[PDB]
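Chemist: If you scroll down you'll find the structure; I have some questions about it.
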Amino acid sequence: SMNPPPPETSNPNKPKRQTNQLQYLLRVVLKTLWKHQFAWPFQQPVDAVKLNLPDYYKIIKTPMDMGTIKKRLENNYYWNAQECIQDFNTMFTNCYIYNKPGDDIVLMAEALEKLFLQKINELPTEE
Ligand SMILES: CCc1c(C(=O)Nc2cc(S(=O)(=O)N(CC)CC)ccc2O)[nH]c(C)c1C(N)=O
Ligand code: NA
């Protein structure tokens, strides 16, 4: 198939708040993963047309990427910090669903996920 529209990154029908957790998720978690040498395949939605991966969006029905997550944080899309953490988890899980052990892309996800866990370890306390 072709590509779906990217996930929504704003919600007009949802109140917005600033929290220590959410700001940390942008400025520490997202930012540190973003600058990693293996971040690039996860910085934007998988372009299945350009990459000639016709089955990607047949297999992956809940796509997620760090470009989307970054915009969601900047736009205050998330009310609860867990919403953001869930999106990271979905991104990694998609990679482990679609690909095979030892694939380049899988090793890249593994390094990012390792780093992600190190960073969310020091997430500020809620509320
Ligand atoms: C390996 C395919 C893949 C990617 C990916 O994005 N790969 C990719 C992107 C471009 S790119 O043209 O879009 N590009 C210019 C360099 C990036 C801006 C070029 C080559 C590429 O291999 N991401 C995921 C989660 C997967 C997967 N299999 O799960
Ligand atoms: Na084809």
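Residue names in the structure tokens use chain letters A, B, ... in the order shown, residue numbers from 1 in each chain, and ligand numbers from 1 in the order shown.
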For ligand 1, list the contacting residues at 7 Å or closer, counting only C-alpha atoms and all ligand atoms, as a PDB file with C-alpha atoms, in the first residue's frame.

Modeler:
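And here is the file that came out, part-v1.pdb:
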```
ATOM      1  CA  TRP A  40      17.805   8.410  12.236  1.00  0.00           C
ATOM      2  CA  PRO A  41      15.492   5.541  11.177  1.00  0.00           C
ATOM      3  CA  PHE A  42      13.186   6.456  14.113  1.00  0.00           C
ATOM      4  CA  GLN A  44      10.178  10.193  11.239  1.00  0.00           C
ATOM      5  CA  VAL A  46       8.567   4.900   8.015  1.00  0.00           C
ATOM      6  CA  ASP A  47       8.079   5.986   4.395  1.00  0.00           C
ATOM      7  CA  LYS A  50      10.154   5.517  -0.811  1.00  0.00           C
ATOM      8  CA  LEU A  51      11.626   2.462   0.925  1.00  0.00           C
ATOM      9  CA  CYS A  95      10.359  -2.759  15.141  1.00  0.00           C
ATOM     10  CA  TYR A  98       8.098  -6.230  11.608  1.00  0.00           C
ATOM     11  CA  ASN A  99      11.788  -7.198  11.500  1.00  0.00           C
ATOM     12  CA  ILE A 105      17.268  -1.932  12.351  1.00  0.00           C
TER      13      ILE A 105
END
```

Chemist: Please provide the set of residues having any atom within 10 Å of residue 25 of chain A, restricted to only C-alpha atoms, with same-chain residues fewer than 6 positions apart removed, written as an NGL selection string.

Modeler: :A and (19 or 31-32 or 69-70 or 73 or 81 or 84-85 or 119-120 or 123-124)

Chemist: Would you write out those residues with N, CA, C and O atoms, as an mmCIF file, in the first residue's frame?

Modeler:
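What ended up in out.cif:
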```cif
data_model
loop_
_atom_site.group_PDB
_atom_site.id
_atom_site.type_symbol
_atom_site.label_atom_id
_atom_site.label_comp_id
_atom_site.auth_asym_id
_atom_site.auth_seq_id
_atom_site.Cartn_x
_atom_site.Cartn_y
_atom_site.Cartn_z
ATOM 1 N N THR A 19 4.226 19.877 33.111
ATOM 2 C CA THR A 19 4.681 19.117 34.280
ATOM 3 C C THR A 19 6.183 18.858 34.202
ATOM 4 O O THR A 19 6.769 18.853 33.116
ATOM 5 N N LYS A 31 15.466 14.192 23.688
ATOM 6 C CA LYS A 31 16.663 14.862 23.174
ATOM 7 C C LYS A 31 17.894 13.952 23.152
ATOM 8 O O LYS A 31 18.657 13.966 22.194
ATOM 9 N N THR A 32 18.081 13.160 24.200
ATOM 10 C CA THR A 32 19.240 12.267 24.275
ATOM 11 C C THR A 32 19.129 11.129 23.251
ATOM 12 O O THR A 32 20.100 10.812 22.568
ATOM 13 N N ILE A 69 6.579 11.791 18.398
ATOM 14 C CA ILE A 69 6.661 11.971 19.854
ATOM 15 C C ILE A 69 7.165 13.370 20.203
ATOM 16 O O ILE A 69 6.611 14.033 21.076
ATOM 17 N N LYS A 70 8.201 13.818 19.502
ATOM 18 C CA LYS A 70 8.753 15.155 19.711
ATOM 19 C C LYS A 70 7.697 16.231 19.508
ATOM 20 O O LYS A 70 7.553 17.133 20.338
ATOM 21 N N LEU A 73 5.060 16.205 22.294
ATOM 22 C CA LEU A 73 5.560 16.893 23.485
ATOM 23 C C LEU A 73 5.523 18.400 23.300
ATOM 24 O O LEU A 73 5.027 19.103 24.157
ATOM 25 N N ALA A 81 2.364 11.577 31.639
ATOM 26 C CA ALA A 81 3.683 11.152 31.195
ATOM 27 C C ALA A 81 3.644 9.736 30.605
ATOM 28 O O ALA A 81 4.295 9.467 29.595
ATOM 29 N N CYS A 84 3.304 9.273 26.826
ATOM 30 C CA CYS A 84 4.525 9.441 26.065
ATOM 31 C C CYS A 84 5.385 8.171 26.117
ATOM 32 O O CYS A 84 5.868 7.673 25.087
ATOM 33 N N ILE A 85 5.542 7.632 27.321
ATOM 34 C CA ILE A 85 6.296 6.400 27.508
ATOM 35 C C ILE A 85 5.692 5.269 26.668
ATOM 36 O O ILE A 85 6.429 4.489 26.051
ATOM 37 N N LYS A 119 17.390 6.559 30.755
ATOM 38 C CA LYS A 119 16.865 7.915 30.917
ATOM 39 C C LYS A 119 15.551 7.975 31.689
ATOM 40 O O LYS A 119 15.377 8.865 32.517
ATOM 41 N N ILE A 120 14.612 7.066 31.437
ATOM 42 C CA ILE A 120 13.360 7.114 32.203
ATOM 43 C C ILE A 120 13.563 6.673 33.653
ATOM 44 O O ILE A 120 12.720 6.956 34.505
ATOM 45 N N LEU A 123 13.255 9.751 35.682
ATOM 46 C CA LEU A 123 12.039 10.531 35.474
ATOM 47 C C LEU A 123 11.587 11.102 36.819
ATOM 48 O O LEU A 123 11.549 10.371 37.814
ATOM 49 N N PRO A 124 11.270 12.415 36.867
ATOM 50 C CA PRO A 124 10.717 13.006 38.093
ATOM 51 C C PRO A 124 9.428 12.344 38.569
ATOM 52 O O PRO A 124 8.748 11.661 37.797
#
```

Chemist: Segment 69-125 of chain A: which residues are alpha helix (DSSP H) by DSSP, as an MDAnalysis selection string?

Modeler: chainID A and resid 69:74 81:98 104:120

Chemist: Nearest to residue 83 of chain A: which of A:22, A:30, A:118, A:107 is it, counting only C-alpha atoms?

Modeler: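 Among the listed residues, A:22 lies closest to residue 83 of chain A.
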
Chemist: List all protein, DNA and RNA residues that have any atom at most 12 Å from ligand 2, counting only C-alpha atoms and all ligand atoms, and write the list as JSON, numbers by chain.

Modeler: {"A": [1, 2, 48, 49, 50, 51, 52, 53, 54, 55, 56]}

Chemist: Quick one: pull the distance between atom CA of residue 116 of chain A and atom CA of residue 15 of chain A, Å, one decimal.

Modeler: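 About the pair atom CA of residue 116 of chain A and atom CA of residue 15 of chain A: they are 27.3 Å apart.
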
Chemist: So, with only C-alpha atoms as the atoms that count, which of A:38, A:13, A:57, A:63 lies closest to residue 104 of chain A?

Modeler: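 Residue with the minimum atom-to-atom distance to residue 104 of chain A: A:38.
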
Chemist: Can you tell me, as a JSON list (two decimals) with N, CA, C and O atoms, in the first residue's frame, what residues are no more than 10 Å from residue 122 of chain A when counting only C-alpha atoms, ignoring any on the same chain fewer than 6 positions away?

Modeler:
```json
[["chain", "number", "residue", "atom", "x", "y", "z"],
["A", 21, "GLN", "N", 7.65, 16.03, 34.72],
["A", 21, "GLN", "CA", 7.79, 14.78, 33.97],
["A", 21, "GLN", "C", 7.77, 15.03, 32.46],
["A", 21, "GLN", "O", 8.65, 14.58, 31.75],
["A", 24, "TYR", "N", 10.84, 16.96, 31.23],
["A", 24, "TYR", "CA", 11.96, 16.01, 31.27],
["A", 24, "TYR", "C", 11.94, 15.04, 30.07],
["A", 24, "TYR", "O", 12.98, 14.74, 29.47],
["A", 28, "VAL", "N", 15.26, 15.86, 28.20],
["A", 28, "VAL", "CA", 16.26, 14.85, 28.58],
["A", 28, "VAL", "C", 16.07, 13.54, 27.81],
["A", 28, "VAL", "O", 17.00, 13.09, 27.14],
["A", 29, "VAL", "N", 14.88, 12.95, 27.85],
["A", 29, "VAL", "CA", 14.69, 11.62, 27.24],
["A", 29, "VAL", "C", 14.72, 11.68, 25.72],
["A", 29, "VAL", "O", 15.57, 11.07, 25.07]]
```

Chemist: In Å, how far is it from atom CA of residue 33 of chain A to atom CA of residue 20 of chain A?

Modeler: 18.6 Å

Chemist: List as a Markdown table every residue of segment 60-98 of chain A that is in contact with segment 5-8 of chain A, defined as an atom at most 10 Å from one of its atoms (using only C-alpha atoms), together with the nearest atom pair and the distance in Å rounded to one decimal, sorted by chain and then rising number.

Modeler:
```
| residue | atom | partner | partner_atom | distance |
| --- | --- | --- | --- | --- |
| A:62 | CA | A:7 | CA | 8.9 |
| A:63 | CA | A:7 | CA | 7.6 |
| A:64 | CA | A:7 | CA | 7.3 |
| A:65 | CA | A:7 | CA | 9.0 |
| A:67 | CA | A:6 | CA | 9.9 |
| A:68 | CA | A:7 | CA | 6.8 |
| A:69 | CA | A:7 | CA | 9.4 |
| A:71 | CA | A:8 | CA | 9.2 |
| A:72 | CA | A:8 | CA | 8.1 |
| A:77 | CA | A:8 | CA | 8.9 |
```

Chemist: Store the residues of this selection in a file with N, CA, C and O atoms, as a short mmCIF file (atom, residue, chain, number, x, y, z; two decimals), in the first residue's frame.

Modeler:
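Output (result_20.cif):
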```
data_model
loop_
_atom_site.label_atom_id
_atom_site.label_comp_id
_atom_site.auth_asym_id
_atom_site.auth_seq_id
_atom_site.Cartn_x
_atom_site.Cartn_y
_atom_site.Cartn_z
N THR A 62 -0.36 0.29 14.26
CA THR A 62 -0.19 1.36 15.25
C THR A 62 1.22 1.93 15.11
O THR A 62 2.07 1.75 16.00
N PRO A 63 1.48 2.65 14.00
CA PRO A 63 2.82 3.19 13.79
C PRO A 63 3.15 4.30 14.78
O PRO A 63 2.27 5.04 15.20
N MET A 64 4.43 4.40 15.14
CA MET A 64 4.89 5.46 16.01
C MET A 64 6.38 5.70 15.76
O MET A 64 7.12 4.78 15.39
N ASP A 65 6.80 6.94 15.95
CA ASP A 65 8.17 7.34 15.69
C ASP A 65 8.53 8.51 16.59
O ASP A 65 7.64 9.15 17.17
N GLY A 67 9.79 11.42 15.76
CA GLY A 67 9.41 12.72 15.20
C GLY A 67 8.03 13.10 15.68
O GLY A 67 7.79 14.23 16.10
N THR A 68 7.13 12.13 15.61
CA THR A 68 5.78 12.27 16.14
C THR A 68 5.79 12.56 17.65
O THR A 68 5.10 13.48 18.12
N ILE A 69 6.58 11.79 18.40
CA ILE A 69 6.66 11.97 19.85
C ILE A 69 7.16 13.37 20.20
O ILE A 69 6.61 14.03 21.08
N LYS A 71 6.95 16.13 18.41
CA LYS A 71 5.89 17.10 18.11
C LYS A 71 4.76 17.03 19.14
O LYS A 71 4.23 18.06 19.54
N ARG A 72 4.42 15.82 19.57
CA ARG A 72 3.40 15.64 20.59
C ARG A 72 3.79 16.33 21.90
O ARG A 72 2.97 17.01 22.51
N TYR A 77 0.42 17.50 23.54
CA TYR A 77 -0.53 16.45 23.21
C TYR A 77 -0.81 15.53 24.40
O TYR A 77 -1.92 15.02 24.55
#
```

Chemist: Quick one: distance from atom CA of residue 88 of chain A to atom CA of residue 113 of chain A in Å, one decimal?

Modeler: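 Atom-to-atom, atom CA of residue 88 of chain A and atom CA of residue 113 of chain A are spaced 8.5 Å apart.
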
Chemist: Taking only C-alpha atoms into account, which of A:91, A:39, A:117, A:108 comes nearest residue 60 of chain A?

Modeler: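 Between A:91, A:39, A:117, A:108, the residue approaching residue 60 of chain A most closely is A:91.
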
Chemist: Go through A:86, A:43, A:23, A:3 one by one, measure the shortest atom-to-atom distance of each to residue 61 of chain A using only C-alpha atoms, and give the residue with the smallest value.

Modeler: A:3
